[PDB]
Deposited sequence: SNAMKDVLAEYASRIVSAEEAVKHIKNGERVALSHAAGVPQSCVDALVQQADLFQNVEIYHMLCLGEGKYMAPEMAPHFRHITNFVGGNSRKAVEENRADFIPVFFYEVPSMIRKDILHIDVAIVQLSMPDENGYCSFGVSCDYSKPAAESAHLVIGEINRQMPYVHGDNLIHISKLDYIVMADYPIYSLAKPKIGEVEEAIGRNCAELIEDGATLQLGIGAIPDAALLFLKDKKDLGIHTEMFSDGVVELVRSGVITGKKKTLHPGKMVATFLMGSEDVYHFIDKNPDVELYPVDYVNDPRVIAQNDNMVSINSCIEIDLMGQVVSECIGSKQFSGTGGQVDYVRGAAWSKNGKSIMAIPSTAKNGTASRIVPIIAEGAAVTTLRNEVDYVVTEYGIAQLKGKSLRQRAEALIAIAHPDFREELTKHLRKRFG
C-alpha cells in the first residue's frame, strides 16, 4: 500500500472554517499577496464575517484609506520583524511539502513569507495546484499552527488587448532597452507591448518585482537568457508572480526561476548590483516639474505595492541604469491629461521630481534628469496629448514667462 503523504501532519490538518475560527477580534491578518491569495480561508473568513479584524494586503480592490499604511515595499519585512507593523495572523498559501517537510510559498514570496515567519499564528493553506517555486521561498511545515488542505486553480490573468497607444509606448520603451539589459516591469498592455518589441534583443535578464506571460514568452524564444546578468546570472529573479495557468506550469520546479522576499529583491542596493537595469512602471499623473503620483485609484491594476519607487532608486545606482515612467498621455476616455500643470488636490507623490528619469507616452520620450524646470515643462509638453498642450503651455508661461 502506498504512503499517505499527509499522514504525519494529520494532527494539525483542519477545515478552512476551523482554522480561521482562531483569529480574534481586533487582530491584524496578513494574506498571501496577489495570485496566491488563500481562497479557501478567505471564503471561510467572509462566512464568519458576522463575528469578526484588519486585513493587511497590498491589492487595489476595485481596480484590475484610513487604515492604509504608507511604506516602501522593500521595507515591509523589517517593519514586520520589528513589530512596527504587527501581524497577529498570517494565512499563507503553500505548495505541497517536499520529502524534507518544506513547503514553498509558490507564486507569493514578497511579504507573505516574512509575515509567516513572524506572525503569532500561522495558517498554511496547502494547495495541490500551488506550484513549487525555487529561491529563498520555503518554510518547514512544523511552523504551521494549522494546515488547511485545498485543490483549486490559483488566480490567473488573461493578457489584455494592446491598442495603438500602448503599441506606440511599447515601441518607445524598446528603444531604451539595449542588449544585455536587466529588466523590471509589470503587467498590463504597456509592459506587454514593450516586451513584444524586444524580440530582436539579445541576452536580456530579469530582476523584477513580478513577471508574467509576456516575460516567459521571451524566455521560451531565447531573448531573455539572464546570461549577461551580474547578479543571479541565468536566473529570473522576482518576489511574486501572476499570469496564466501556463506561467504557473512553466515555473513549477523550474530552478531558473527564483523568488526571494521583498526586502531582498526590491532593496535599491540589491537591485543596483544588476548592471544595465531598465525599470518600466506606470503612474496616474505627472506634473510639469516631474513629480509622479501613482496610487491604486485610476490604475486599473490588481497589485498596489508601491514598489515602483524602489526600482527607480535601484536603477539610479545600476551601471548604465534607466527608469521609465511609461503612461498613456490621457485618461478618462481622453477627457483628462496624465501630464498635468499641478498634481491633483491631496494626491500623494510616490516618486520625487528629483529622481524621475525617463517619461514615455505614445507621443515620445522625455529625459528629465539634468533639465531645469523650464526644460522639464517643455519636454513633458511635447509628449502630452495635442489637446492639452495649449493649456499646459499657458501654465508654463504664467510660471516662467
Ranges of the deposited sequence (numbered from 1) for which no C-alpha atom is modelled: 1 to 2, 55 to 56, 69 to 97
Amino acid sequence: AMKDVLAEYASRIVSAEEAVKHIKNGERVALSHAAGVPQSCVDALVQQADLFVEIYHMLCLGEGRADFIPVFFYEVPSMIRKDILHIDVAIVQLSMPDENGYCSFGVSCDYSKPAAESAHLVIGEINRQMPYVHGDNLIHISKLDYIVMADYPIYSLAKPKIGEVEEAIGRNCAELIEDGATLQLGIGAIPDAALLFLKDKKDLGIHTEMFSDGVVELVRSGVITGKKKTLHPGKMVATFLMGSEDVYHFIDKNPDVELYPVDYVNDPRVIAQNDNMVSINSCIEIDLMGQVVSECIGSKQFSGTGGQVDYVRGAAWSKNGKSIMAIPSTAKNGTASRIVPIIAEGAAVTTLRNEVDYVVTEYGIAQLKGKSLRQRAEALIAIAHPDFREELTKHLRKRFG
From here on, numbers count along this sequence of modelled residues.
Going by the B-factors listed in the PDB entry, is the mean over the C-alpha atoms higher for 384 to 392 or for 18 to 26? 18 to 26
Can you let me know which of the two, 363 to 371 or 41 to 49, has the higher average C-alpha B-factor in the entry? 41 to 49
Reading the B-factor column for Cα atoms of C60, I339, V349, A344, the highest value belongs to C60
Based on the PDB record, which member of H86, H140, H207, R313 exhibits the highest Cα temperature factor? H86
Taking the entry's C-alpha B-factors for this chain, is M130 in the lowest, middle or highest third? middle
In terms of its chain's C-alpha B-factors, the third that includes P153 is the middle
Of the three thirds of Cα B-factor ranks in this chain, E285 occupies the middle
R353 - which third its CA temperature factor falls in, relative to the rest of the chain: middle
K235's Cα B-factor: lowest, middle or highest third of the chain? middle
